[PDB]
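Colleague: Protein chains in written order, with the numbering used here: chain G, 1 to 224; chain X, 1001 to 1209. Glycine included, every Cβ here is placed at the ideal spot set by N, Cα and C.
What follows is the structure, encoded as structure tokens:
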């Protein structure tokens, strides 16, 4: 099946340009049975379609009225990708941006405008503040279930991702939504419950990734 | 021009219940309403297309129906993993979403308290974390006491979305103090009230032990 891989910075200063890319695998950007879209989502505004590009013996573009004066969506037929450029951004443009394919699924042979596959999303924050990587501190199990965790403190912008034991440990993991502190930096915790018996034999490491600062940190969490 | 109105904006139903969500169009002649399911932290996934066709990999308990301007999405027997927001769509317009929550039995939190690490203390700040794990329903009261004095205005809470297997919530409360303030007190206590408990539960530690 098709895969859509998004990339591009998640921090844009007000008034400057947002630039994202979606790399396609398993279909052609110039396919006659595809339409390549950008859609954004924010807690307030919900899901909002921004625009599209597609090839039908020549390239076409259509854009949403709300962004039409600031937006460009361009195909790259060398790298099998398509871009989003949104100029003159304001805080109202803070959102998760998704690419998606439509116009590929058929009903009685007719290509339909359903968004059948979506990329993973890029969180874009419009802010003048600088990027900052997190500090990572252990939440140690004390003294038959034990809880342990990692405190991921003082980063900007969102998101941070956390795994445990390089993604081997998934059962009983809870990674909390980040909270914005009064400093204007984010913080979150990730916790896991495990058998207390495993503490003297199993190693537990939280793996923290903050892509906007290129921070990847591994923290061993041990008993106190 | 096309507008999409979804009802209800949210609902709670028990595992095994039949659930029905409605979408009403206006200013459209098209019957090609699509539905999406979105789970926490993930992109929306195509669930139903063209009013009634199941998307790839979609189980048979999901079905769609449509008549003039009224479209319905039905889950014939709700499962814990169907916790999600469901969106309808036509053309370039999405509905506002319906949040489907799972109603289940009461479950008391397991409570854990974590002192600040020595490493963090060196930075001049102390975070003390209280964890409430795997509880239902969402309503819970967490109070911080430092040498028995109730704390106010120096803590923040975060809550997870309902778990896709057991339908519970987990919650963290984090008390933030300067290092000097942390070092001036001994007893740090997290007191938790929840309807699953027969009386409030307190977890505490003494700084230095």
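Assign residue 14 (chain G) to one of two classes, buried (16 or more other C-beta atoms within 10 Å of its C-beta) or exposed (fewer than that).
Modeller: With fewer than 16 other Cβ atoms within 10 Å, it is exposed.
Colleague: For residue 114 (chain G), which residues from the same chain have a beta carbon less than 8 Å from its beta carbon, with the 5 sequence-adjacent residues on both sides left out?
Modeller: Here the set comprises 102 and 105.
Colleague: On the DSSP bridge assignment, give the partners of residue 1019 (chain X) in chain order.
Modeller: X:1075
Colleague: Determine the DSSP secondary structure at residue 120 (chain G), reduced to helix, strand or coil.
Modeller: In this structure, residue 120 (chain G) counts as coil in the three-state DSSP scheme.
Colleague: Have a look at the DSSP bridge pairing and note the partners of residue 155 (chain G).
Modeller: Partner(s): G:186.
Colleague: Can you tell which of X:1140, X:1153, X:1134 and X:1180 has the C-alpha that lies nearest to the C-alpha of residue 1166 (chain X)?
Modeller: X:1134
Colleague: Can the beta-carbon of residue 219 (chain G) be found less than 8 Å from the beta-carbon of residue 209 (chain G)?
Modeller: no
Colleague: Name the two residues that bound the continuous beta strand (DSSP E) containing residue 6 (chain G).
Modeller: 3-7
Colleague: Just the Cα atoms here: how many angstroms apart are residue 1152 (chain X) and residue 1205 (chain X)?
Modeller: In this structure, the CA atom of residue 1152 (chain X) is about 19 Å from the CA atom of residue 1205 (chain X).
Colleague: By the DSSP assignment, the beta strand (DSSP E) with residue 63 (chain G) in it spans what residues?
Modeller: 59-63
Colleague: Could you tell me the boundaries of the alpha helix (DSSP H) in which residue 1180 (chain X) lies?
Modeller: 1179-1183 is the span of the alpha helix (DSSP H), which, as asked, contains residue 1180 (chain X).
Colleague: Out of X:1043, X:1090 and X:1033, point me to the one whose CA is closest to residue 1063 (chain X)'s CA.
Modeller: The candidate whose alpha carbon is nearest that of residue 1063 (chain X) is X:1033.
Colleague: Taking C-beta pairs closer than 7 Å, name the residues in chain X that residue 120 (chain G) reaches, listed in chain order.
Modeller: 1043
Colleague: Short of 7 Å in beta carbon distance, which residues of its chain neighbour residue 3 (chain G), apart from the five on each side in sequence? Order them along the chain.
Modeller: 25 and 26
Colleague: Would you identify the three-state DSSP class for residue 220 (chain G), choosing helix, strand or coil?
Modeller: strand
Colleague: Three Cβ pairs or more, each shorter than 8 Å: is that satisfied between the region 1067-1077 of chain X and the region 143-157 of chain G?
Modeller: no
Colleague: Where does residue 111 (chain G) fall in DSSP's three states?
Modeller: strand
Colleague: Spatial neighbours of residue 253 (chain G) within its chain, please: C-beta separation below 7 Å, excluding the five flanking residues on both sides.
Modeller: Residue 253 (chain G) falls outside the range modelled here, since chain G spans only 1 to 224, and no answer is possible.
Colleague: Between residue 1210 (chain X) and residue 1107 (chain X), which are expected to be in contact by the criterion C-beta below 8 Å, what is the C-beta distance as a whole number of angstroms?
Modeller: Missing from the structure shown is residue 1210 (chain X); chain X here goes from 1001 to 1209 and no further.
Colleague: Below 8 Å on the Cβ atoms is my contact criterion, and I expect residue 1215 (chain X) with residue 1006 (chain X) to pass it. Report the Cβ-Cβ distance as a whole number of Å.
Modeller: The question about residue 1215 (chain X) has no answer, for chain X in this structure spans 1001 to 1209.
Colleague: What are the boundary residues of the beta strand (DSSP E) that residue 1090 (chain X) is part of?
Modeller: 1084-1090
Colleague: Could you compute how far the alpha carbon of residue 1186 (chain X) sits from the alpha carbon of residue 1202 (chain X)?
Modeller: Pairing residue 1186 (chain X) with residue 1202 (chain X), the inter-Cα distance amounts to about 16 Å.
Colleague: What are the residues that DSSP puts in a beta bridge with residue 1143 (chain X)?
Modeller: X:1191
Colleague: Jot down the residue ranges of each uninterrupted beta strand (DSSP E) in the region 1094-1174 of chain X, minimum 3 residues, whole runs only, in chain order.
Modeller: 1098-1103, 1110-1114, 1125-1135, 1141-1146 and 1155-1159
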